[PDB]
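Residue numbers (full-length UniProt numbering), protein chains in the order written: chain A, 2 to 56; chain B, 2 to 55. A virtual CB, placed ideally from N, CA and C, is assigned to each residue, including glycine.
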Amino acid sequence: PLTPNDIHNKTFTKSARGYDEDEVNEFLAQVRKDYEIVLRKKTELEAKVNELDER
Amino acid sequence: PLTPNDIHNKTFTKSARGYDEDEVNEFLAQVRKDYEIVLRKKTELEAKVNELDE
Numbered sequence: 002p003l004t005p006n007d008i009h010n011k012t013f014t015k016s017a018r019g020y021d022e023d024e025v026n027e028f029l030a031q032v033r034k035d036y037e038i039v040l041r042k043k044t045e046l047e048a049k050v051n052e053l054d055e056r
Numbered sequence: 002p003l004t005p006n007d008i009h010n011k012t013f014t015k016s017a018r019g020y021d022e023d024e025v026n027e028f029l030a031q032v033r034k035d036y037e038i039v040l041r042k043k044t045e046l047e048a049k050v051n052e053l054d055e
């Protein structure tokens, strides 16, 4: 799946008419934040479960 | 925080020489799916871990 850095690094073509760039970038910053937070929680929990199963 | 639905529902003001809408829409669709799946996996894992000791 996408990484937080993938979201941060994503670029788009500019068209004669398109989505306001500042709005898109701000929204993607927000998505990147929330995604990274949930991803980290998931990976941290997985690591503790793995560690316990491994003993 | 955002929900996956919020990402699907997000609208942007149009502007001259803004980002191509198909490209942004396509990327947001990919992000929406990956975000939905990771949220689901995290929520399921947390629930199940808390069910281990009966």
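With a threshold of 8 Å between beta-carbons, can residue i be considered close to chain B, or not?
| i | result |
| --- | --- |
| residue 22(A) | yes |
| residue 47(A) | yes |
| residue 18(A) | yes |
| residue 2(A) | yes |
Going by alpha carbons, who is nearest to residue i out of the options?
| i | options | result |
| --- | --- | --- |
| residue 12(A) | 27(B), 2(B), 12(B), 3(B) | 27(B) |
| residue 9(B) | 15(B), 19(B), 25(B) | 25(B) |
Based on the DSSP output, what are the partners of residue i in its beta bridges?
| i | result |
| --- | --- |
| residue 17(B) | 18(A) |
Is it right to say residue i is buried, meaning 16 or more other beta carbons lie within 10 angstroms of its own, or is it exposed?
| i | result |
| --- | --- |
| residue 53(B) | exposed |
| residue 33(A) | buried |
| residue 43(B) | buried |
| residue 38(A) | exposed |
Does the CB of residue i have a neighbour CB from chain A at under 8 Å?
| i | result |
| --- | --- |
| residue 35(B) | yes |
Open item on the list: Count Cβ pairs between the region 3-17 of chain A and the region 2-16 of chain B that sit closer than 8 Å; are there 3 or more?
Closed with: The answer is no - the region 2-16 of chain B does not touch the region 3-17 of chain A, with fewer than three Cβ pairs under 8 Å.
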